[PDB]
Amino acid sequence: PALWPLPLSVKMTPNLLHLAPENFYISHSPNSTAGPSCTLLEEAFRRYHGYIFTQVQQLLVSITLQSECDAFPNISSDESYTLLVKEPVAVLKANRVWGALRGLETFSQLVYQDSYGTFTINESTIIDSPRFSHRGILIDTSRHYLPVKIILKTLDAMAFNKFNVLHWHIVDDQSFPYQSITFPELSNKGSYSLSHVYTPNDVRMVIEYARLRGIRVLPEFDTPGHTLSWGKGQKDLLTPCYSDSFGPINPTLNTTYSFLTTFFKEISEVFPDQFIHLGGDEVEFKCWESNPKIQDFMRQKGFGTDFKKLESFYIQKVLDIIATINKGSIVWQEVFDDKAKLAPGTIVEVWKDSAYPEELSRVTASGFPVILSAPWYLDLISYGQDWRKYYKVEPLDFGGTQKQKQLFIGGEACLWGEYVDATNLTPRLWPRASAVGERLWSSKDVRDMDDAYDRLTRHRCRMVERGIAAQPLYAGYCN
């Protein structure tokens, strides 16, 4: 049995137990607060049965507190569980449905076949819970359109890896595949074609599918930069340049914040998750500055020719729109770095590789929750075993007091879409993102390279077996 990520506490015995496919149930212990009526658990029981294939007859699942079956996971969902692997009835015990889903994955990783076909598990006890609560994968469905199928498999692979946030970078300069109901033109004119679109029903599917796995779907609607496609269905939203044609959203018109309010109100209803990622990265001033109506606004606010001041103005106003619909904001570092005024609990995401520990220190010294992604740019491929580099990151090596560190809520592996699509996305992501997943779940001090190597190669074969085309770590084979 290969475990990935490696649970917080594992105690095994040398007593072997066996399982009979046509004769082994997973079900609710009579004391569980969840029962048959509970889809999320029901579907899990069935799909894991499949994954899995001196007696163990059964795995009882006991949800201790109110199960939250019908809810969406959020930031502080309880993921803890325990596993007592014993004859004749094994037990998975969790506070909440979210714990149970994690535990089921761990249990599956413990069943295995000996040289003769026999399904075997060791007597053991497992105590487990995540080291960090925000465990993301970022996907880019604008640079390339990812079909819904491929998004779902990703969700499956994320489950197998205990990741819990799908950071959906849904739109960008190149294409606007999100179909909006109050704004039909955005996608009609900005999508790559009528069949590179996510309908409200595609969005619905992805969301449910992720929920059923304890995954949160965090939408990113990046502004004011990276918004070239928004302009095709929105008259007057983008700044016109005086010489490129268009630059960032024009932050000086009422019509602009008008639209943005309507829009984000729709978003706030479509995506159940607490947070909206607002982007705010990489905004070009060269354009705003060549433009005379902006010139004029700069004069009227006395902003000089510091265009950060204007980036601030805009972003802050959007921040307020988000606050007004009672949602949280996430924001790329640039927003913080350019000193906009942020509400308490705004999450800042540190993505710039340049001395990010000092970034982490600054953000946390300001008292904001912080998410790391900088050393985890997976689109940034290179030769050989780079998973090691990702795995060896210690997110908490920065200067900062205890309370400061408590503000670090986790991180994301990023796969940006410039060079990625259906043809290459999976082998590119996996197992490389696994290294990231284990570091974000297991202990601080889980770091033997040889052992990591060993479980990872075996985990990867498992993934392949479950139809994730994850790529090799090094020379070898499966079975």
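Numbering starts at 1 and runs along the sequence shown.
Counting the unmodelled positions of the deposited sequence between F53 and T54 gives a long gap of 10 or more residues. Unmodelled stretch separating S115 from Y116: none (count of deposited-sequence residues without coordinates). Note on 282-290 vs 68-76: mean CA B-factor is higher in 282-290. Between the stretches 157-165 and 299-307, it is 299-307 that shows the larger average CA temperature factor. Per the PDB entry, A355 shows the highest C-alpha temperature factor of the residues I150, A210, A355, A100.
Within the group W387, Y198, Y242, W376, the record's highest C-alpha temperature factor is found at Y242. Looking at the C-alpha B-factors along this chain, the one for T426 belongs to the lowest third. When the modelled residues of the chain are ordered by their C-alpha B factor, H49 lands in the middle third. Per-chain ranking of the deposited C-alpha B factor places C414 in the middle third. For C38, the recorded CA temperature factor ranks within the highest third of the chain's modelled residues. In this PDB entry, the Cα temperature factor of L8 sits in the bottom third of its chain's modelled residues, the lowest group.
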